[PDB]
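In the structure tokens that follow, a single protein chain appears in two forms: structure 1, then structure 2.
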Structure 1
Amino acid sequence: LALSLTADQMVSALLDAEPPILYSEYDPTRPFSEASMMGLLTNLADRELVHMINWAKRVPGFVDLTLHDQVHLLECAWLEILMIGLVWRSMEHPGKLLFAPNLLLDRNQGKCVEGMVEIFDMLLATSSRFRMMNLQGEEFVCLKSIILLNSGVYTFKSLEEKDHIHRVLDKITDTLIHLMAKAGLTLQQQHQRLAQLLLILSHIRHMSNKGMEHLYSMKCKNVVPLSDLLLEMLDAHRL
């Protein structure tokens, strides 16, 4: 099925699978502490994970994998996926991270939490990059599925599994080129932009790992509440 999709059917499929944008519990009047602001973000993240899990099932080729492999891909990629979604929502708000329609933050507020400001700056910088490139929604959904399939594929007959993932990855690459060609880009421009887009994933992996360590830090501090699902995701990375 997944390997049968045309470029357009792939785009449509991914666009149809897009999770919703959730709201936070943020009260603009309510005073902000360290434990409360991180609580809002962690509360939000926890609810996003549930939607992300069900979104993954609609990503072409994902359900073709063993349950053990699906678990692995999500355990590895979850924070990268949240982050790239955040950066995408934040594109139209220079200097701000749109965690939710009712929660728009800047680097200043990202200081009620220790060590948060570094990760925020990286997220903002990625947002700038998206803006500089004029990232398209069609390209974003491709990138997000690439993260899900690629991020854990090298840390897994159990090789027949890996082979299929690479086939689907190639399919998404074709989709990206197809998109760029439609946008009237030259063959040189297509290859250049494709590279520019994939290079971003390196910086997204980086932010995820820095953020993952920040999460473990918050957990051990035992000040901010972490959901049971979030603790298990965090545990998957050990640390």
Structure 2
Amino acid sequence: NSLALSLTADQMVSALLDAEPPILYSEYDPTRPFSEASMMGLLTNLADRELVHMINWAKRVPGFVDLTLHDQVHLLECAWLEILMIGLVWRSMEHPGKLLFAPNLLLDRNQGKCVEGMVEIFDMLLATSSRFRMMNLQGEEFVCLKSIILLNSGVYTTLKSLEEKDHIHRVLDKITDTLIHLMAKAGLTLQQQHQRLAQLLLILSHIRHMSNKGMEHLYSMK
């Protein structure tokens, strides 16, 4: 019973925790003071390094590699900015009013004004940080949400076609079971469990929104 649909809730959580990517430091060369990237270059360089780790993370998510390659790339290309963003928010929760892009790159709102159009996006990320804090979002919950984003974001964008969408939805259902189990084990009532699951899933629409606005911005600054 090592395949994804065979895993218990505990085993799924455990597998997902094992797969967590490293949190990167922003690269710095004390001998190159003048070619320090702009704010945007610093974020771009970080993000590009994070993306290399993201592909490998996704392919460790039980179920993901059961999809055709084409479908894996599709889901990744749809979710990647949502995934960077939720990861960013997690690590920023202990820094109210700030975004911990890296342990050596902690930025305040007003540093968002360094790039025209970016502050709007910083504001939205900060509101997400605040929402997660007010909910006391737990790490195992954050980890399930990331996998949900990966499997969900591109699924809506022929027999085997339906077969693959069927498989994705089954893995999504297992991650929901996993979230519920975590909450149940924490001692929440059934009503608190359903209310909390819904609160967490609704934040995903905001994360989608933020990614749409970010992609728009990226595409504008081509």
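Shifts are known only where both forms have a C-alpha. Numbering for residues begins at 1 and runs along the sequence of structure 1. Each form is matched to the other, and the largest set of C-alpha atoms that superpose within 1.5 Å is called the rigid core.
Once you align the rigid core, which of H203, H68, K57, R30 turns out to move its Cα at least 2 Å between structures 1 and 2? So the residue whose C-alpha moves 2 Å or more is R30.
How much does the C-alpha of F120 move between structures 1 and 2, in Å, when the core is lined up? A shift of 0.1 Å at the C-alpha.
With the rigid core superposed, where do three or more consecutive residues all shift their C-alphas by 2 angstroms or more between structures 1 and 2? Residues 25-35 form the sole shifted run.
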